[PDB]
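Below is one structure; the comments refer to it alone.
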Amino acid sequence: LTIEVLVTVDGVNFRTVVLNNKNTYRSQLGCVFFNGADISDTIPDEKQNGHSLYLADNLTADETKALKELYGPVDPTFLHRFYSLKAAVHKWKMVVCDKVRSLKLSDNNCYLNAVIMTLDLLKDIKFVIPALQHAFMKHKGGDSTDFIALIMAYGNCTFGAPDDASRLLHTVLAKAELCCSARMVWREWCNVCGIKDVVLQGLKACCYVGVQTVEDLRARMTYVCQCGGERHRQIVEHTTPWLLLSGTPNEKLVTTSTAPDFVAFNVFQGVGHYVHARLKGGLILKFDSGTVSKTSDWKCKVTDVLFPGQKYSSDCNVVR
Ligand SMILES: [Zn+2]
C-alpha cells in the first residue's frame, strides 16, 4: 500500500523516496526507469519496493548539480532520451573483425559504425564530460552500450532513423580535447580592413569541414568580407597529432599503390549506407558494419578522410 524506492541520476548517489499506490510514479515523483523500463505511468506496487530507479525529470537541486557536473549543460529531455536509447541499443552487438571491433548492422545504425571506428583511430583523445569519458573508456574495454547511447543522445539521434556519419562525428568531436597541443594559424587579409590572424587551438585545429585534401585545405581561400569587398584566408602554420577533413560525398578512385597520405576514410553509398575504410599494409580494409573485406582498389564516395599529424609552416608571404 506504500513503498520505498531509491532514486538516482548518476548510479552513485541515491535518495530514498516514499510512494503510495494512489497515483502513478509520474504524478508523485517523475519520469522513472526501472532497469531500462519506463515505469512512469505505472501505479507503484510491492514489487518495486527497495529497488533502484533512474529519474529523468523533477530533480532535486542536488541532482541537478550532479547532472550538470556529470553530463554537462544538457536540455531537460536529455536524461529521458538517454535512458530510452540505452535500453533500445542494449541488444546491439560489437563484432570482432580483423582484431578490430565494429558495430553490427541493425536499425539503420551503419552511420554509427563509421563514427565509432573513426574515433577508435584518433590517438589520445579524451572527453571533457565525465559521463562521456567513462563511457568511452568502458567502450574501449569491450562494453559499448553506454557510449553508443550517449553520443546518440548528445547528437539528437533517433533510434532506428538513418543519419549522417560526418554530422555525428563532428558533433561528438566538439565535446573532446587533446592530450598534446595543436595549432592552426589562418592569415586573413582585405585591401580595406587590413590583415588579421585567426588562431584555432586543440581539437578545433584537427577537424575541418569543407575540403577533403590537405592541398585544398592549405590553399588560398577567397570569400566576401564584412565590408563587402574581397577577403582572403590561408593557413600559414599547422601543427596537429592527426587531421580529420570532411566533405560531401565525393566520387574518387582510391588505390594502393601509390600510397595515399591518409590512413583511413569513410564512404557513403546511394536511404544510404556507410562504410569505414582503413589503409593497412598496402590494402584498403573495408569494414561494412560487422564485416571485413580487402581490395587494393576502390571506386567509392569518400566523406571523412583521416590524415596523420601535420607539421606545416608556410614559406610564403601569403599576403603578397
Ligand atoms: Zn574588408
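Chain identifiers are assigned as A, B, and so on, following the order in which chains appear in the C-alpha cells; residues are numbered from 1 within each chain, and ligands are numbered from 1 in order of appearance.
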Please extract the residues at most 8 Å from ligand 1, counting only C-alpha atoms and all ligand atoms, and provide them as an MDAnalysis selection string, using the chain letters and residue numbers of this document. chainID A and resid 189:194 224:231
Quick one: residues within 12 Å of residue 270 in chain A, only C-alpha atoms, excluding same-chain residues fewer than 4 positions away - as a ChimeraX atom specification? /A:249-251,274-275,300-301
Using CA of residue 109 in chain A and CA of residue 90 in chain A as the two end points, give the distance in Å to one decimal. 13.1 Å
Residues near residue 87 in chain A, anyone? I mean within 12 Å using only C-alpha atoms, not counting same-chain ones fewer than 4 positions away, as JSON, numbers by chain. {"A": [33, 34, 35, 36, 37, 38, 80, 81, 82, 83, 91, 92, 145, 146, 148, 149, 150, 159]}
Identify all residues of range 225-277 of chain A in strand (DSSP E or B) (DSSP on the backbone) and supply them as an MDAnalysis selection string. chainID A and resid 230:255 264:269 273:277
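The environment of range 51-68 of chain A within 8 Å, counting only C-alpha atoms and disregarding residues fewer than 4 places along the same chain, consists of residues 5, 6, 7, 8, 9, 10, 11, 14, 29, 30, 31, 32, 33, 34, 35, 72, 73, 74, 76, 77, 78, 79 and 80 of chain A.
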Using the chain letters and numbers from this document, which residues of range 66-248 of chain A does DSSP assign to helix (DSSP H, G or I), as a ChimeraX atom specification? /A:66-71,78-88,110-119,130-140,145-154,165-173,202-205,214-217
With C-alpha atoms retained, export the selected residues as a CSV table (one decimal), in the first residue's frame.
chain,number,residue,atom,x,y,z
A,66,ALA,CA,25.2,16.1,-10.3
A,67,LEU,CA,23.6,16.1,-13.7
A,68,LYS,CA,25.5,19.2,-14.9
A,69,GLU,CA,28.8,18.0,-13.4
A,70,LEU,CA,28.5,14.5,-14.8
A,71,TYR,CA,26.8,15.1,-18.2
A,78,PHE,CA,18.3,14.6,-22.2
A,79,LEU,CA,18.1,12.0,-19.4
A,80,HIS,CA,14.8,10.8,-20.7
A,81,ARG,CA,16.2,10.4,-24.3
A,82,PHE,CA,19.4,8.8,-22.9
A,83,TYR,CA,17.6,6.2,-20.8
A,84,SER,CA,15.4,5.2,-23.8
A,85,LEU,CA,18.4,4.9,-26.1
A,86,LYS,CA,20.5,3.0,-23.6
A,87,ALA,CA,17.7,0.4,-23.4
A,88,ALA,CA,16.9,0.3,-27.1
A,110,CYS,CA,25.6,1.9,-40.2
A,111,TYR,CA,26.4,5.6,-39.6
A,112,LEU,CA,27.3,4.9,-36.0
A,113,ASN,CA,29.8,2.2,-37.2
A,114,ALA,CA,31.7,4.8,-39.3
A,115,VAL,CA,31.6,7.2,-36.3
A,116,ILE,CA,32.9,4.8,-33.7
A,117,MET,CA,35.5,3.1,-35.9
A,118,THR,CA,36.8,6.5,-36.9
A,119,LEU,CA,37.0,7.6,-33.2
A,130,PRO,CA,33.0,12.8,-17.3
A,131,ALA,CA,30.0,10.5,-18.2
A,132,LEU,CA,31.1,10.5,-21.8
A,133,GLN,CA,34.7,9.9,-20.9
A,134,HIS,CA,33.8,7.0,-18.6
A,135,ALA,CA,31.5,5.5,-21.3
A,136,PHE,CA,34.3,5.9,-23.9
A,137,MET,CA,36.8,4.0,-21.7
A,138,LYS,CA,34.2,1.4,-21.0
A,139,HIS,CA,33.7,1.2,-24.8
A,140,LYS,CA,37.4,0.6,-25.4
A,145,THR,CA,26.4,0.3,-24.9
A,146,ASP,CA,26.7,3.4,-22.8
A,147,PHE,CA,28.9,5.2,-25.2
A,148,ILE,CA,26.6,4.5,-28.2
A,149,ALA,CA,23.6,5.7,-26.3
A,150,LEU,CA,25.4,8.8,-25.0
A,151,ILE,CA,26.6,10.0,-28.4
A,152,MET,CA,23.2,9.3,-29.8
A,153,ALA,CA,21.6,11.4,-27.0
A,154,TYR,CA,24.0,14.4,-27.4
A,165,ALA,CA,28.3,9.9,-40.1
A,166,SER,CA,30.1,13.2,-40.7
A,167,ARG,CA,27.4,15.0,-38.8
A,168,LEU,CA,27.7,12.9,-35.7
A,169,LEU,CA,31.5,12.6,-35.8
A,170,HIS,CA,32.0,16.4,-35.7
A,171,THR,CA,29.2,16.8,-33.1
A,172,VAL,CA,30.9,14.2,-30.8
A,173,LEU,CA,34.5,15.6,-31.5
A,202,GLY,CA,43.3,21.9,-29.7
A,203,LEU,CA,40.5,19.9,-31.2
A,204,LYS,CA,39.3,22.8,-33.4
A,205,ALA,CA,42.7,22.6,-35.2
A,214,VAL,CA,45.4,18.8,-47.4
A,215,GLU,CA,46.3,20.6,-50.7
A,216,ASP,CA,42.8,22.2,-50.8
A,217,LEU,CA,42.9,23.0,-47.0
Considering only C-alpha atoms, return as JSON, numbers by chain whatever protein or nucleic-acid residues lie within 6 Å of residue 289 in chain A, sequence-local ones (same chain, fewer than 4 positions apart) excluded. {"A": [103, 104, 105]}
